[PDB]
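Residue-level listing of the chains:
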Amino acid sequence: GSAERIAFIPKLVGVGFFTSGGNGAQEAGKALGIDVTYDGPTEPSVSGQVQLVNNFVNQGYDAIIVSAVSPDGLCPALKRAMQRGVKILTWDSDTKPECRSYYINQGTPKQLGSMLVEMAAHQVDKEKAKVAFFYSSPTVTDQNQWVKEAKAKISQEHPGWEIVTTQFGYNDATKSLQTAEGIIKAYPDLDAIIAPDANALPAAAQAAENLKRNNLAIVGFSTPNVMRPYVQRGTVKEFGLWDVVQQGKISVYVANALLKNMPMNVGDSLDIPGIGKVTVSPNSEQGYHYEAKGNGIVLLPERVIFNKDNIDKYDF
Ligand SMILES: C[C@@]1(O)OC[C@H](O)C1(O)O
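Residues numbered from 1 in each chain as written, not as in the entry; some residues may be left out. Heavy atoms only, no water.

- Naming follows the PDB entry, where the protein chain appears as sugar transport protein of Salmonella typhimurium.
- This entry carries the title "Crystal Structure of Salmonella typhimurium AI-2 receptor LsrB in complex with R-THMF".
- In its Subunit section, the UniProt entry covering the protein chain states "The complex is composed of two ATP-binding proteins (LsrA), two transmembrane proteins (LsrC and LsrD) and a solute-binding protein (LsrB)." (UniProt positions renumbered as here; feature names shortened; annotations may be inferred.)

Written out as structure tokens, the structure reads:
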């Protein structure tokens with residue numbers, strides 16, 4: 001019969017992380033004979049994503065995979081989708097667990113929070129330090145889950161560190177650069193910026209270069225292709241991510257499994273070419289209390305620390 005149709009929705013288009021995730025989703029679609037539509041708003045917003053969800057539902061799509069800008073903002077549209085039998089998955093940034101079926105997740109908040117703090121500590125290497133957090137928004141699901149854990153870890157394991165500020169760049173290159181320059185100017189006693197956002201990290205690096213700020217540890221999460229110039233110049237020594245192309249791929253393979261009615265309750269696994277096995281984990285892995293039939297989290301097998309040694313191995 002007519003080929004299945006899956007939508008893959010980023011927080012916004014035109015950012016390398018999301019372009020690369022979309023590439024993985026679309027290549028998986030080709031391998032599986034599924035038509036995958038990559039579409040998102042030009043900036044992150046609830047209305048941008050909600051219209052797309054509603055459009056794809058109204059147009060008869062079989063599954064929608066979305067990286068949510070908000071835990072709650074998409075819920076009415078996603079609940080309508082699920083009421084109509086459209087498979088709903090999140091990837092990257094979750095909604096509330098009751099607003100989707102599966103979350104294709106790069107890592108637990110404990111894992112990702114730990115990565116951020118470990119990267120910072122490796123470079124700071126002193127007990128008394130001043131650190132700034134810098135990411136997209138105070139409401140986005142993923143980054144706030146990770147930052148809560150990173151801040152807890154700092155308070156426990158680095159008691160001499162002071163978090164002097166937490167500011168936001170809203171996935172906007174212009175606003176992010178201005179915010180980063182503002183942090184560096186306002187806090188001359190600053191030892192690290194921790195920037196778990198694909199736009200905030202290069203903005204912080206660029207701000208440090210613009211202001212000729214030296215010996216500032218700048219760590220966070222972004223893509224190798226975006227970060228490579230900053231790593232080459234030495235402004236960023238280390239940052240983290242994961243294979244976002246593979247994440248997009250996994251999301252489409254999981255959606256395919258749902259469309260084929262394969263067993264995907266907590267504990268079940270799924271074979272994916274070039275990856276091996278992925279498994280459905282409980283929602284409690286993300287800190288949620290919610291369990292239901294046909295609902296859980298699929299964790300990526302690995303995350304990656306990038307530095308000068310390995311950055312040229314990766315093209316995304
Ligand atoms: C990489 C990241 O931190 O920046 C944009 C994404 O939503 C992300 O995973 O949060």
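## Structural notes on the packing of aromatic side chains
Link 1 in the chain: Overall, the coordinates contain 16 aromatic pairs when judged by the stated rule.
Link 2 in the chain: Ring centres of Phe18 and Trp91 lie 5.7 Å apart, and the angle between their planes is 85°; this geometry places the pair in the edge-to-face category. Here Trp91 lies in strand β4 (residues 87-91) and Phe18 lies in helix α1 (residues 16-32), a separation of 73 residues in the sequence. Residue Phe18 shares its accessibility class with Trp91, and that shared class is buried. (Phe/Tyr/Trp six-rings, centres within 6.5 Å; stacked < 30°, edge-to-face > 60°. Helix = DSSP H or I, 4+ residues; strand = E, 2+ residues; numbered from the N terminus. Buried < 20%, exposed > 50% of the residue type's maximum accessible area, 1.4 Å probe, protein only.)

## What to know about the nonpolar core
Link 1 in the chain: Counting 83 residues, the largest nonpolar core has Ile6, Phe17, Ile193, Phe221, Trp242, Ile250 and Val254 as its most contacted members.
Link 2 in the chain: When residues in this core are grouped by element, the largest group, nine residues, is from helix α9 (residues 244-259).
Link 3 in the chain: Each of two domains, domain 1 (1-105 + 243-300) and domain 2 (106-242 + 301-316), supplies a minimum of three residues to this core.
Link 4 in the chain: Judged by nonpolar contacts, the second largest core, of 18 residues, contains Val57, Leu74, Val86 and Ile88. (Core = buried A, V, L, I, M, F, W, Y, C linked by side-chain atoms within 4.5 Å. Domains from an automatic or database assignment.)

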